[PDB]
Engineer: 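Dumping the structure here so I can ask a few things about it.
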Amino acid sequence: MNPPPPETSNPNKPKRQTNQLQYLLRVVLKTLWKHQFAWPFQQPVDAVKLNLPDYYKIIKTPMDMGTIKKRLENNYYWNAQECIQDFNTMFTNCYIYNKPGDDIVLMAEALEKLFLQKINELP
Ligand SMILES: Cc1nn(CC2CC2)c(C)c1-c1cncc(-c2ccnc3nc[nH]c23)c1
């Protein structure tokens, strides 16, 4: 069975509208989203569909760009660091579960390089 996705709405969280948070959605996430290798990361890993019944026995904090996008849209992140942490969790989960040279690892490595380029300078 797939687990429920990470939470994306929480009215009790502290909330703020900042330039960097806006930039992380408008520029960083929305640009990564259009990359040719973004598709595996646009929604939670469907371990049932992908026949990966061990994925959610190994990965304990799942993360994906669809979840990140919903979080940004709900002002779930107080600051850019919290959002950047979720991107890094997403890449790290991929490198934990898979091995160097796997197609999915090549895809994540490409996206991570672009991500680091795009967050090198924030407003
Ligand atoms: C690329 C690719 N290649 N293949 C066929 C090759 C394996 C025999 C498959 C089934 C995929 C693929 C498709 N959709 C999502 C994922 C995925 C997304 C995030 N983390 C993952 N960890 C393991 N998979 C992950 C991967």
Side-chain angles (χ1 to χ4, degrees), residues 2-16 18-35 37-80 82-123:
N2 290 324
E7 106 179 320
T8 56
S9 101
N10 190 340
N12 283 349
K13 291 264 297 174
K15 295 189 181 184
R16 197 159 70 138
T18 82
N19 282 341
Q20 301 187 336
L21 285 171
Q22 267 147 42
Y23 178 90
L24 279 174
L25 179 59
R26 194 187 44 87
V27 172
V28 175
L29 183 146
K30 288 183 199 273
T31 299
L32 264 40
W33 192 273
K34 308 189 169 289
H35 183 111
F37 294 155
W39 59 269
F41 306 100
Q42 284 173 346
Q43 58 285 312
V45 169
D46 187 338
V48 172
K49 179 167 63 159
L50 297 163
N51 197 59
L52 301 173
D54 59 355
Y55 186 83
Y56 292 114
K57 273 142 198 322
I58 294 163
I59 296 305
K60 323 279 82 193
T61 56
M63 190 56 56
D64 64 280
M65 300 213 280
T67 294
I68 292 166
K69 177 174 172 273
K70 288 167 190 263
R71 285 181 171 194
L72 286 163
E73 269 154 27
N74 289 344
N75 312 297
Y76 189 92
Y77 302 118
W78 181 251
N79 60 30
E82 283 179 351
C83 172
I84 288 159
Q85 183 186 345
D86 281 351
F87 274 98
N88 279 323
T89 295
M90 182 189 60
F91 295 128
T92 296
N93 289 345
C94 190
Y95 308 143
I96 290 170
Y97 181 78
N98 306 280
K99 290 164 198 76
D102 285 350
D103 271 33
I104 189 71
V105 170
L106 304 178
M107 293 174 93
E109 289 165 350
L111 280 174
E112 183 184 14
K113 281 188 243 133
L114 186 78
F115 171 70
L116 290 171
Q117 180 192 306
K118 270 270 136 204
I119 66 161
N120 185 69
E121 187 164 50
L122 304 175

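Side chains included, hydrogens not; waters and symmetry mates left out as well; all remaining heavy atoms used. We count residues from 1, following the sequence as given.
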Engineer: Can you check whether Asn2 reaches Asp46 side chain to side chain, under 4.5 Å on heavy atoms?
Structural biologist: yes

Engineer: Can you tell me how far CG of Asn98 sits from CG of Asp103, rounded to the nearest 0.5 angstrom?
Structural biologist: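 Answer rounded to 0.5 Å: 10.0 Å.
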
Engineer: Looking only at non-hydrogen atoms, find the nearest pair between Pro100 and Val105 and report the distance.
Structural biologist: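 For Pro100 versus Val105, the nearest heavy atoms are CA-CG1, 4.3 Å.
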
Engineer: Would you give the length of the straight line joining atom CD of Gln85 to atom OG1 of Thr92, rounded to the nearest 0.5 angstrom?
Structural biologist: 10.5 Å

Engineer: So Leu106 and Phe37, do their side chains get closer than 4.5 Å, heavy atoms only?
Structural biologist: no

Engineer: Between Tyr76 and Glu7, is there a side-chain donor-acceptor contact under 3.5 Å, judged purely by atom types and distance?
Structural biologist: yes

Engineer: Return the SG to CG distance between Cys83 and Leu21, rounded to the nearest 0.5 Å.
Structural biologist: 7.0 Å

Engineer: Just wondering, do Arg71 and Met63 contact through their side chains at under 4.5 Å, heavy atoms?
Structural biologist: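 Yes, close enough: below the 4.5 Å cut-off.
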
Engineer: Go through it in stages, so that I can follow the logic: the residues are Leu24 and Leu72, the test is side-chain contact (heavy atoms from CB on, under 4.5 Å), and I'd like the CA-CA distance, side-chain angles, deciding distance and then a yes or no.
Structural biologist: CA-CA 8 Å; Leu24 279 174; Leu72 286 163; 4.3 Å; yes

Engineer: Indicate yes or no for a side-chain donor-acceptor contact from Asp54 to the backbone of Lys57 under 3.5 Å, with no hydrogens or angles considered.
Structural biologist: no

Engineer: Under 3.5 Å, is there a donor-acceptor pair between the side chain of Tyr56 and the main chain of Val45?
Structural biologist: yes

Engineer: Apply the test side-chain contact (heavy atoms from CB on, under 4.5 Å) to residues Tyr97 and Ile104: give CA-CA distance (whole Å), side-chain angles for both, the deciding distance (0.1 Å), then the verdict.
Structural biologist: CA-CA 10 Å; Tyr97 181 78; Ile104 189 71; over 6 Å; no

Engineer: Under the ring-ring contact (aromatic ring centres under 6.0 Å, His included) rule, collect the residues that match up with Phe91, sequence neighbours excluded.
Structural biologist: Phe115

Engineer: For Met107 and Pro40, work out which heavy atoms get closest and say how close.
Structural biologist: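 Smallest interatomic distance, heavy atoms only, reads CE-CG, 3.5 Å.
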
Engineer: Keeping the roles fixed (side chain from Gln20, backbone from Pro123), state whether a donor-acceptor pair exists under 3.5 Å.
Structural biologist: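 At least one qualifying donor-acceptor pair exists.
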
Engineer: Step by step, would you call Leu25 with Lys30 a side-chain contact (heavy atoms from CB on, under 4.5 Å)?
Structural biologist: CA-CA 6 Å; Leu25 179 59; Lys30 288 183 199 273; 3.8 Å; yes

Engineer: Take atom NZ of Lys99 as the centre, draw a 6.0 Å sphere, and report whether it contains more than 12 heavy atoms from other residues, nucleotides or ligands.
Structural biologist: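 No - once you tally the heavy atoms of other residues, nucleotides and ligands closer than 6.0 Å, there are 12 at most.
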
Engineer: In the structure I gave you, are the side-chain heavy atoms of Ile119 and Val28 within less than 4.5 Å of one another anywhere?
Structural biologist: yes

Engineer: Give, for atom CD of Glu82 and atom CZ of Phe87, the distance between the pair rounded to the nearest 0.5 Å.
Structural biologist: 14.0 Å

Engineer: With heavy-atom distances below 4.5 Å as the criterion, would you say the side chains of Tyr23 and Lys118 are in contact?
Structural biologist: yes

Engineer: To the nearest 0.5 Å, what is the distance between CD1 (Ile84) and CG (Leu122)?
Structural biologist: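 Going from the CD1 atom of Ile84 to the CG atom of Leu122 covers 5.5 Å.
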
Engineer: Can you name the nearest heavy-atom pair linking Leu111 to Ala38, along with the distance?
Structural biologist: CD1-CA, 3.9 Å

Engineer: Find out whether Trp78 and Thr18 are in side-chain contact, i.e. whether some heavy atom of one side chain is under 4.5 Å from a heavy atom of the other.
Structural biologist: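 Of all side-chain heavy-atom pairs linking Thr18 with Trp78, none is under 4.5 Å.
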
Engineer: Search all heavy atoms of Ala108 against all heavy atoms of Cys94 and return the closest pair with its distance.
Structural biologist: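 Minimum heavy-atom separation between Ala108 and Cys94: CB-SG, 3.8 Å.
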
Engineer: In Å, rounded to the nearest 0.5 Å, how long is the span from CD of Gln43 to NZ of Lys70?
Structural biologist: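 Going from the CD atom of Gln43 to the NZ atom of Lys70 covers 10.5 Å.
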
Engineer: Evaluate salt bridge (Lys or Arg N to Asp or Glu O under 4.0 Å) for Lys69 paired with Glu73, printing each intermediate quantity in order.
Structural biologist: CA-CA 6 Å; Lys69 177 174 172 273; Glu73 269 154 27; 3.4 Å; yes

Engineer: Please find the pair of heavy atoms, one from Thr89 and one from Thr61, that lie closest to each other, and give the distance.
Structural biologist: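 Closest heavy-atom pair between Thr89 and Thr61: CG2-O, 3.3 Å.
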
Engineer: In the structure I gave you, are the side-chain heavy atoms of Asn93 and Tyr55 within less than 4.5 Å of one another anywhere?
Structural biologist: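 Touching, per the 4.5 Å side-chain cut-off.
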
Engineer: With a 4.5 Å cut-off on side-chain heavy atoms, are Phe41 and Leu32 touching?
Structural biologist: no

Engineer: Looking at every heavy atom in both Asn10 and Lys15, which two are closest together, and how far apart are they?
Structural biologist: O-CE, 3.5 Å

